[PDB]
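Text of my_file.txt (compact mmCIF, C-alpha atoms) as supplied:
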```
# COMPACT_ATOMS: atom_id res chain seq x y z
CA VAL I 1 100.67 107.33 145.22
CA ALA I 2 100.56 107.84 149.01
CA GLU I 3 99.55 104.24 149.78
CA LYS I 4 102.93 103.21 148.36
CA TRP I 5 104.64 105.18 151.14
CA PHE I 6 103.33 102.75 153.76
CA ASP I 7 105.13 99.88 152.06
CA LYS I 8 108.72 100.12 153.27
CA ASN I 9 110.23 98.17 150.36
CA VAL I 10 109.15 100.85 147.86
CA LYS I 11 112.37 102.84 147.43
CA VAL I 12 111.95 104.47 143.99
CA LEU I 13 108.53 104.87 142.37
CA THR I 14 108.43 105.39 138.60
CA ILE I 15 105.62 106.13 136.14
CA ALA I 16 106.19 106.08 132.37
CA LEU I 17 103.59 106.63 129.66
CA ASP I 18 102.89 108.57 126.47
CA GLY I 19 102.73 112.25 127.38
CA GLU I 20 100.21 113.36 124.77
CA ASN I 21 98.03 110.44 123.64
CA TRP I 22 96.10 110.34 126.92
CA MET I 23 95.04 114.00 126.57
CA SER I 24 93.89 113.57 122.96
CA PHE I 25 92.23 110.13 122.80
CA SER I 26 89.92 110.58 125.79
CA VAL I 27 86.21 111.19 125.31
CA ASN I 28 86.40 114.84 126.46
CA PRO I 29 90.05 115.91 126.08
CA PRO I 30 89.74 119.40 127.67
CA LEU I 31 88.80 117.91 131.06
CA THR I 32 92.04 115.93 130.96
CA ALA I 33 93.93 119.24 131.14
CA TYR I 34 92.06 120.22 134.31
CA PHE I 35 92.95 116.76 135.62
CA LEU I 36 96.66 117.48 135.11
CA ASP I 37 96.53 120.79 136.98
CA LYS I 38 94.62 119.38 139.96
CA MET I 39 96.92 116.35 140.01
CA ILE I 40 100.15 118.36 140.00
CA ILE I 41 98.69 120.48 142.79
CA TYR I 42 98.01 117.32 144.81
CA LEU I 43 101.45 115.76 144.28
CA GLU I 44 103.05 119.02 145.42
CA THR I 45 101.43 118.57 148.85
CA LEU I 46 103.13 115.17 149.23
CA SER I 47 106.58 116.78 148.90
CA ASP I 48 106.10 119.61 151.41
CA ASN I 49 104.99 117.04 154.01
CA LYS I 50 108.13 115.09 152.98
CA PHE I 51 106.20 111.96 152.05
CA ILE I 52 107.81 111.87 148.60
CA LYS I 53 110.91 113.48 147.07
CA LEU I 54 109.73 114.77 143.69
CA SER I 55 112.75 114.55 141.39
CA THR I 56 113.94 113.77 137.87
CA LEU I 57 115.36 110.46 136.68
CA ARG I 58 118.89 111.87 136.36
CA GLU I 59 118.79 112.96 140.00
CA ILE I 60 117.62 109.52 141.15
CA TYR I 61 120.40 107.97 139.07
CA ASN I 62 123.06 109.86 141.03
CA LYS I 63 121.43 109.68 144.47
CA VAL I 64 120.62 105.95 144.40
CA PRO I 65 123.37 103.68 143.04
CA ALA I 66 122.20 100.43 141.48
CA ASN I 67 123.42 97.60 143.71
CA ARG I 68 121.64 94.38 142.75
CA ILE I 69 122.75 92.80 139.49
CA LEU I 70 120.35 91.36 136.93
CA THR I 71 121.90 88.88 134.53
CA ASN I 72 119.30 88.43 131.77
CA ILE I 73 116.18 90.28 130.64
CA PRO I 74 114.20 88.44 127.95
CA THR I 75 113.15 90.17 124.76
CA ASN I 76 109.74 91.78 125.22
CA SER I 77 107.81 95.01 124.77
CA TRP I 78 105.50 96.65 127.30
CA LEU I 79 102.57 94.91 125.59
CA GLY I 80 103.93 91.41 126.24
CA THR I 81 104.25 90.53 122.56
CA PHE I 82 105.77 91.66 119.27
CA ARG I 83 102.68 90.61 117.29
CA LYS I 84 101.35 94.18 117.31
CA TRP I 85 103.96 95.04 114.65
CA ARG I 86 104.35 91.56 113.09
CA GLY I 87 101.25 89.38 113.02
CA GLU I 88 98.18 91.48 113.86
CA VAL I 89 97.78 92.56 110.22
CA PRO I 90 97.58 89.90 107.47
CA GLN I 91 100.03 91.80 105.24
CA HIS I 92 102.90 92.15 107.73
CA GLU I 93 105.02 89.24 106.52
CA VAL L 1 82.55 79.20 73.96
CA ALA L 2 82.49 78.59 70.19
CA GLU L 3 86.18 79.52 69.94
CA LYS L 4 87.12 76.35 71.82
CA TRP L 5 85.51 74.35 69.01
CA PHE L 6 88.21 75.29 66.49
CA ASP L 7 90.84 73.72 68.74
CA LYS L 8 90.86 69.98 68.13
CA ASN L 9 92.21 69.03 71.57
CA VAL L 10 89.13 70.32 73.43
CA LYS L 11 87.14 67.12 73.90
CA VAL L 12 85.19 67.98 77.08
CA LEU L 13 84.47 71.55 78.17
CA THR L 14 83.63 72.11 81.84
CA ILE L 15 82.49 75.26 83.68
CA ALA L 16 82.07 75.30 87.46
CA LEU L 17 81.12 78.27 89.63
CA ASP L 18 78.87 79.33 92.49
CA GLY L 19 75.25 79.40 91.35
CA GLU L 20 73.79 82.43 93.12
CA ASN L 21 76.62 84.75 94.20
CA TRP L 22 77.47 85.90 90.66
CA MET L 23 73.86 87.06 90.28
CA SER L 24 73.19 88.55 93.75
CA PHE L 25 76.47 90.45 94.30
CA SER L 26 76.58 92.21 90.93
CA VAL L 27 76.03 95.95 90.58
CA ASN L 28 72.57 95.51 89.02
CA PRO L 29 71.34 92.01 89.97
CA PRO L 30 68.11 92.13 87.90
CA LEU L 31 70.01 92.44 84.61
CA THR L 32 72.08 89.39 85.52
CA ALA L 33 68.87 87.36 85.15
CA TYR L 34 68.48 88.80 81.64
CA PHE L 35 72.07 87.71 80.98
CA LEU L 36 71.30 84.12 81.97
CA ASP L 37 68.23 83.95 79.72
CA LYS L 38 70.09 85.33 76.70
CA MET L 39 73.09 83.07 77.33
CA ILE L 40 70.88 79.98 77.52
CA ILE L 41 69.21 81.07 74.28
CA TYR L 42 72.59 81.39 72.55
CA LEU L 43 73.94 78.08 73.87
CA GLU L 44 70.98 76.21 72.38
CA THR L 45 71.88 77.57 68.93
CA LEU L 46 75.35 76.02 69.21
CA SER L 47 73.70 72.67 70.00
CA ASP L 48 71.17 72.46 67.15
CA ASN L 49 73.86 73.05 64.50
CA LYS L 50 75.75 70.10 66.07
CA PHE L 51 78.69 72.29 67.07
CA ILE L 52 78.54 71.23 70.72
CA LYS L 53 76.49 68.69 72.69
CA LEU L 54 75.07 70.50 75.72
CA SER L 55 74.78 67.71 78.27
CA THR L 56 75.01 66.74 81.94
CA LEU L 57 77.95 65.28 83.82
CA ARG L 58 76.53 61.75 84.07
CA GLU L 59 76.23 61.60 80.28
CA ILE L 60 79.83 62.71 79.81
CA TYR L 61 80.94 60.28 82.52
CA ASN L 62 79.38 57.29 80.75
CA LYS L 63 79.99 58.27 77.12
CA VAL L 64 83.60 59.42 77.57
CA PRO L 65 85.84 57.11 79.61
CA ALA L 66 89.06 58.43 81.11
CA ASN L 67 92.12 57.07 79.31
CA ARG L 68 95.00 59.08 80.79
CA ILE L 69 96.08 58.39 84.38
CA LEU L 70 97.22 61.05 86.83
CA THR L 71 99.17 59.89 89.86
CA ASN L 72 99.48 62.98 92.08
CA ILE L 73 97.47 66.17 92.53
CA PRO L 74 98.99 68.47 95.17
CA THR L 75 96.69 69.77 97.88
CA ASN L 76 95.20 73.10 96.81
CA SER L 77 91.94 75.02 96.45
CA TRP L 78 90.56 77.04 93.55
CA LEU L 79 92.01 80.19 95.13
CA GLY L 80 95.53 78.74 95.06
CA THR L 81 96.03 79.04 98.81
CA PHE L 82 94.55 77.90 102.12
CA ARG L 83 95.24 81.27 103.76
CA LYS L 84 91.65 82.40 103.17
CA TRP L 85 90.44 80.16 106.02
CA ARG L 86 93.73 80.07 107.98
CA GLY L 87 95.88 83.18 108.06
CA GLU L 88 94.02 86.06 106.42
CA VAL L 89 92.37 86.85 109.77
CA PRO L 90 94.73 87.45 112.72
CA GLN L 91 92.30 85.58 115.01
CA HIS L 92 92.16 82.35 112.96
CA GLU L 93 95.03 80.58 114.75
CA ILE X 1 78.38 110.59 148.62
CA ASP X 2 81.28 108.13 148.48
CA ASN X 3 84.00 106.73 150.75
CA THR X 4 86.68 109.39 150.24
CA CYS X 5 89.30 107.95 152.56
CA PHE X 6 92.56 109.73 153.37
CA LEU X 7 95.83 108.76 155.06
CA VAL X 8 97.79 109.68 158.18
CA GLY X 9 101.44 108.91 158.77
CA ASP X 10 104.68 110.12 160.28
CA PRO X 11 107.02 111.60 157.63
CA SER X 12 110.11 110.80 159.73
CA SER X 13 109.32 107.08 160.07
CA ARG X 14 111.18 106.16 156.87
CA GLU X 15 113.35 107.72 154.21
CA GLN X 16 110.95 109.31 151.74
CA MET X 17 110.72 107.42 148.48
CA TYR X 18 112.24 109.00 145.39
CA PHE X 19 109.41 109.72 142.97
CA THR X 20 109.67 110.50 139.27
CA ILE X 21 107.52 110.31 136.13
CA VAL X 22 108.57 109.92 132.49
CA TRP X 23 106.53 111.60 129.76
CA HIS X 24 107.21 110.22 126.29
CA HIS X 25 106.55 112.93 123.70
CA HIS X 26 106.86 111.51 120.20
CA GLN X 27 105.61 111.80 116.65
CA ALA X 28 106.97 109.76 113.76
CA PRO X 29 109.03 111.54 111.09
CA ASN X 30 106.05 112.46 108.96
CA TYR X 31 107.75 114.23 106.06
CA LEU X 32 107.86 112.78 102.56
CA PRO X 33 111.24 112.43 100.82
CA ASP X 34 110.44 115.67 98.97
CA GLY X 35 109.98 117.47 102.30
CA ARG X 36 106.24 118.04 102.54
CA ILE X 37 104.44 116.99 105.72
CA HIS X 38 101.92 114.16 105.46
CA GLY X 39 101.39 113.61 109.19
CA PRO X 40 100.62 116.89 110.94
CA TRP X 41 100.63 115.73 114.56
CA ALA X 42 103.80 117.44 115.73
CA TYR X 43 102.03 120.69 114.78
CA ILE X 44 98.29 120.34 115.44
CA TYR X 45 99.24 119.18 118.93
CA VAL X 46 100.95 122.54 119.43
CA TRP X 47 98.49 125.04 117.93
CA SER X 48 95.02 123.44 117.83
CA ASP X 49 92.12 124.33 120.11
CA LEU X 50 92.16 120.84 121.59
CA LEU X 51 92.56 121.59 125.32
CA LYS X 52 90.37 124.70 125.12
CA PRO X 53 89.71 126.66 127.36
CA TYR X 54 92.66 125.36 129.40
CA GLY X 55 95.37 125.21 126.73
CA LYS X 56 96.25 124.93 123.06
CA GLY X 57 97.80 121.49 122.63
CA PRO X 58 99.28 118.73 124.78
CA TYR X 59 102.88 119.57 123.85
CA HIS X 60 102.39 123.27 124.62
CA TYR X 61 100.27 122.53 127.69
CA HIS X 62 103.04 120.42 129.21
CA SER X 63 105.44 123.29 128.61
CA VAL X 64 103.21 125.92 130.23
CA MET X 65 102.68 123.71 133.30
CA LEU X 66 106.46 123.77 133.73
CA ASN X 67 106.22 127.56 134.23
CA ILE X 68 103.01 127.48 136.30
CA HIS X 69 104.54 125.06 138.82
CA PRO X 70 108.27 125.77 139.36
CA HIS X 71 108.60 123.07 142.05
CA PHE X 72 107.21 120.13 140.03
CA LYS X 73 110.05 118.10 138.53
CA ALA X 74 109.63 115.49 135.81
CA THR X 75 111.73 113.57 133.29
CA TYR X 76 110.81 114.20 129.66
CA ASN X 77 111.46 112.38 126.39
CA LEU X 78 111.30 114.86 123.53
CA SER X 79 111.78 112.51 120.61
CA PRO X 80 114.50 113.55 118.12
CA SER X 81 112.00 113.14 115.28
CA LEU X 82 109.64 115.54 117.09
CA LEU X 83 112.40 117.99 118.01
```
As structure tokens, how would this structure be written, given the file I've shared?
Amino acid sequence: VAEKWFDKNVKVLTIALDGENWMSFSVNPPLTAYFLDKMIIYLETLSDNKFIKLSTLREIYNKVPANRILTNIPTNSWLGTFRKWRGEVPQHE
Amino acid sequence: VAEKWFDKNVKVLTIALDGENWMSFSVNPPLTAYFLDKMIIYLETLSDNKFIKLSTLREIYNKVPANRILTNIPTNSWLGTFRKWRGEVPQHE
Amino acid sequence: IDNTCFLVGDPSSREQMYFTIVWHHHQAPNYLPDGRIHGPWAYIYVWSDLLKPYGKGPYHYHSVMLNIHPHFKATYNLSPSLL
């Protein structure tokens, strides 16, 4: 996360993922809870040094207006295909 | 098999199937060999009484000529679909 | 032994980047038309011994970390079907 600070074009950094599948589908799920605690401790040291401004998405929405205008976004999921729900099982059609 | 003999339209009777899979994928494969022996015993009884003429496909081809004429037979398999080798696995295409 | 590198920089060089994370908490509506529950994942991920000895379940663990760390902000998606 800190190596993104050196890049000056990185204005807003966003991470989005399932909040509970990663702590339950790992090999040893309890260690993933220790991971979260140590991680949140580490990211709190990047906000007291003022490297990052830890905030919520609603706060970023008000603080940073959206200036550039996109005109079209093609239809897609975050897996690059819709064949996961229509096509990857023989009895989908 | 003898029930087809009462019908007068049954001139040639044909049975076609895989030779070894019916007898090696059954629940109790050894008894399927008993079945074949008994069935061959019974079929010979229908041939000595001159009910049927148990023969080969050359003999039927030469003794019985084809009189009707078919013009079209649509593409198809004996499973009614080609999706078994193209479509029933997602990774076929 | 491994190359555990670290970083040095001047916090005043640039405007600090706005940082946020989105957690997507969701279970499908797993009740039958009668009302009985056929998919128990909204519940066993709240009261199982899955994150033992550090917590009970992912949904409850994420809630207790919000009390443990009162300075850590994050955006959450509590799915309406889960709520």
Requested in this report: Grab the atom CA of residue L:7 to atom CA of residue L:47 distance for me, in Å with one decimal place.
Outcome: 17.2 Å
Query raised in the report: What are the residues of chain X that have an atom within 10 Å of an atom of chain I, counting all atoms listed in the file, as a ChimeraX atom specification?
Result: /X:6-27,45,49-59,61-62,65,68-69,71-78
Query raised in the report: Using all atoms listed in the file, which of the listed residues (I:25, I:66, I:35, I:91) sits closest to chain L?
Result: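 Of I:25, I:66, I:35, I:91, the one nearest chain L, counting all atoms listed in the file, is I:91.
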Report task. Tell me the residues of chain I close to chain L, meaning within 9 Å using all atoms listed in the file, as a ChimeraX atom specification. Result -> /I:87-91
**Report entry** Surrounding residues of residue X:29 excluding itself and chain neighbours under 5 positions, 9 Å, only C-alpha atoms, as a list in words
**Finding:**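 Once the adjacent positions are removed, what remains is residues 37, 39, 81 and 82 of chain X.
Put simply, atom CA of residue X:5 is 27.6 Å away from atom CA of residue I:27.
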Final N, CA, C and O atoms of stretch 49-71 of chain L as a PDB file, in the coordinates of the input:
```pdb
ATOM      1  N   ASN L  49      72.963  73.163  65.640  1.00  0.00           N
ATOM      2  CA  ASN L  49      73.860  73.050  64.500  1.00  0.00           C
ATOM      3  C   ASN L  49      74.905  71.956  64.683  1.00  0.00           C
ATOM      4  O   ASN L  49      75.772  71.801  63.819  1.00  0.00           O
ATOM      5  N   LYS L  50      74.851  71.221  65.795  1.00  0.00           N
ATOM      6  CA  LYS L  50      75.750  70.100  66.070  1.00  0.00           C
ATOM      7  C   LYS L  50      77.197  70.558  66.240  1.00  0.00           C
ATOM      8  O   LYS L  50      78.142  69.799  66.020  1.00  0.00           O
ATOM      9  N   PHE L  51      77.374  71.815  66.648  1.00  0.00           N
ATOM     10  CA  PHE L  51      78.690  72.290  67.070  1.00  0.00           C
ATOM     11  C   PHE L  51      79.102  71.641  68.384  1.00  0.00           C
ATOM     12  O   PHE L  51      80.142  70.983  68.466  1.00  0.00           O
ATOM     13  N   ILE L  52      78.293  71.827  69.422  1.00  0.00           N
ATOM     14  CA  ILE L  52      78.540  71.230  70.720  1.00  0.00           C
ATOM     15  C   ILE L  52      77.393  70.273  71.040  1.00  0.00           C
ATOM     16  O   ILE L  52      76.379  70.225  70.345  1.00  0.00           O
ATOM     17  N   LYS L  53      77.570  69.498  72.109  1.00  0.00           N
ATOM     18  CA  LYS L  53      76.490  68.690  72.690  1.00  0.00           C
ATOM     19  C   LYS L  53      76.339  69.139  74.136  1.00  0.00           C
ATOM     20  O   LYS L  53      77.082  68.707  75.017  1.00  0.00           O
ATOM     21  N   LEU L  54      75.368  70.018  74.374  1.00  0.00           N
ATOM     22  CA  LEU L  54      75.070  70.500  75.720  1.00  0.00           C
ATOM     23  C   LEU L  54      74.460  69.370  76.534  1.00  0.00           C
ATOM     24  O   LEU L  54      73.364  68.898  76.221  1.00  0.00           O
ATOM     25  N   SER L  55      75.155  68.928  77.579  1.00  0.00           N
ATOM     26  CA  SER L  55      74.780  67.710  78.270  1.00  0.00           C
ATOM     27  C   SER L  55      75.033  67.870  79.767  1.00  0.00           C
ATOM     28  O   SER L  55      75.446  68.933  80.237  1.00  0.00           O
ATOM     29  N   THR L  56      74.770  66.801  80.510  1.00  0.00           N
ATOM     30  CA  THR L  56      75.010  66.740  81.940  1.00  0.00           C
ATOM     31  C   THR L  56      76.282  65.941  82.210  1.00  0.00           C
ATOM     32  O   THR L  56      76.916  65.413  81.295  1.00  0.00           O
ATOM     33  N   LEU L  57      76.653  65.857  83.489  1.00  0.00           N
ATOM     34  CA  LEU L  57      77.950  65.280  83.820  1.00  0.00           C
ATOM     35  C   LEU L  57      77.888  63.760  83.917  1.00  0.00           C
ATOM     36  O   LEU L  57      78.895  63.087  83.671  1.00  0.00           O
ATOM     37  N   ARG L  58      76.717  63.194  84.236  1.00  0.00           N
ATOM     38  CA  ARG L  58      76.530  61.750  84.070  1.00  0.00           C
ATOM     39  C   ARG L  58      76.756  61.315  82.634  1.00  0.00           C
ATOM     40  O   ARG L  58      77.466  60.334  82.392  1.00  0.00           O
ATOM     41  N   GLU L  59      76.153  62.018  81.677  1.00  0.00           N
ATOM     42  CA  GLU L  59      76.230  61.600  80.280  1.00  0.00           C
ATOM     43  C   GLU L  59      77.666  61.617  79.791  1.00  0.00           C
ATOM     44  O   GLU L  59      78.110  60.699  79.094  1.00  0.00           O
ATOM     45  N   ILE L  60      78.420  62.651  80.163  1.00  0.00           N
ATOM     46  CA  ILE L  60      79.830  62.710  79.810  1.00  0.00           C
ATOM     47  C   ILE L  60      80.609  61.614  80.533  1.00  0.00           C
ATOM     48  O   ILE L  60      81.564  61.048  79.989  1.00  0.00           O
ATOM     49  N   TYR L  61      80.219  61.302  81.770  1.00  0.00           N
ATOM     50  CA  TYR L  61      80.940  60.280  82.520  1.00  0.00           C
ATOM     51  C   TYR L  61      80.787  58.904  81.883  1.00  0.00           C
ATOM     52  O   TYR L  61      81.730  58.105  81.886  1.00  0.00           O
ATOM     53  N   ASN L  62      79.608  58.604  81.337  1.00  0.00           N
ATOM     54  CA  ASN L  62      79.380  57.290  80.750  1.00  0.00           C
ATOM     55  C   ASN L  62      79.820  57.219  79.294  1.00  0.00           C
ATOM     56  O   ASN L  62      80.340  56.186  78.860  1.00  0.00           O
ATOM     57  N   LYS L  63      79.620  58.290  78.527  1.00  0.00           N
ATOM     58  CA  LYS L  63      79.990  58.270  77.120  1.00  0.00           C
ATOM     59  C   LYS L  63      81.497  58.359  76.933  1.00  0.00           C
ATOM     60  O   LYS L  63      82.077  57.644  76.107  1.00  0.00           O
ATOM     61  N   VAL L  64      82.153  59.228  77.693  1.00  0.00           N
ATOM     62  CA  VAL L  64      83.600  59.420  77.570  1.00  0.00           C
ATOM     63  C   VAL L  64      84.312  58.767  78.742  1.00  0.00           C
ATOM     64  O   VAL L  64      84.232  59.272  79.870  1.00  0.00           O
ATOM     65  N   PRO L  65      85.019  57.662  78.535  1.00  0.00           N
ATOM     66  CA  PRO L  65      85.840  57.110  79.610  1.00  0.00           C
ATOM     67  C   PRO L  65      87.172  57.837  79.703  1.00  0.00           C
ATOM     68  O   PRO L  65      87.647  58.436  78.735  1.00  0.00           O
ATOM     69  N   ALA L  66      87.771  57.786  80.887  1.00  0.00           N
ATOM     70  CA  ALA L  66      89.060  58.430  81.110  1.00  0.00           C
ATOM     71  C   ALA L  66      90.172  57.469  80.733  1.00  0.00           C
ATOM     72  O   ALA L  66      90.253  56.361  81.273  1.00  0.00           O
ATOM     73  N   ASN L  67      91.031  57.895  79.812  1.00  0.00           N
ATOM     74  CA  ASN L  67      92.120  57.070  79.310  1.00  0.00           C
ATOM     75  C   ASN L  67      93.464  57.413  79.940  1.00  0.00           C
ATOM     76  O   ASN L  67      94.230  56.506  80.279  1.00  0.00           O
ATOM     77  N   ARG L  68      93.775  58.696  80.106  1.00  0.00           N
ATOM     78  CA  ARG L  68      95.000  59.080  80.790  1.00  0.00           C
ATOM     79  C   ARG L  68      94.886  58.750  82.274  1.00  0.00           C
ATOM     80  O   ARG L  68      93.790  58.573  82.809  1.00  0.00           O
ATOM     81  N   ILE L  69      96.029  58.676  82.947  1.00  0.00           N
ATOM     82  CA  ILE L  69      96.080  58.390  84.380  1.00  0.00           C
ATOM     83  C   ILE L  69      96.991  59.407  85.045  1.00  0.00           C
ATOM     84  O   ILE L  69      98.183  59.474  84.727  1.00  0.00           O
ATOM     85  N   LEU L  70      96.436  60.190  85.963  1.00  0.00           N
ATOM     86  CA  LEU L  70      97.220  61.050  86.830  1.00  0.00           C
ATOM     87  C   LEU L  70      97.518  60.334  88.140  1.00  0.00           C
ATOM     88  O   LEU L  70      96.682  59.614  88.685  1.00  0.00           O
ATOM     89  N   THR L  71      98.727  60.545  88.645  1.00  0.00           N
ATOM     90  CA  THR L  71      99.170  59.890  89.860  1.00  0.00           C
ATOM     91  C   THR L  71      99.147  60.786  91.085  1.00  0.00           C
ATOM     92  O   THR L  71      98.811  60.305  92.173  1.00  0.00           O
TER      93      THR L  71
END
```
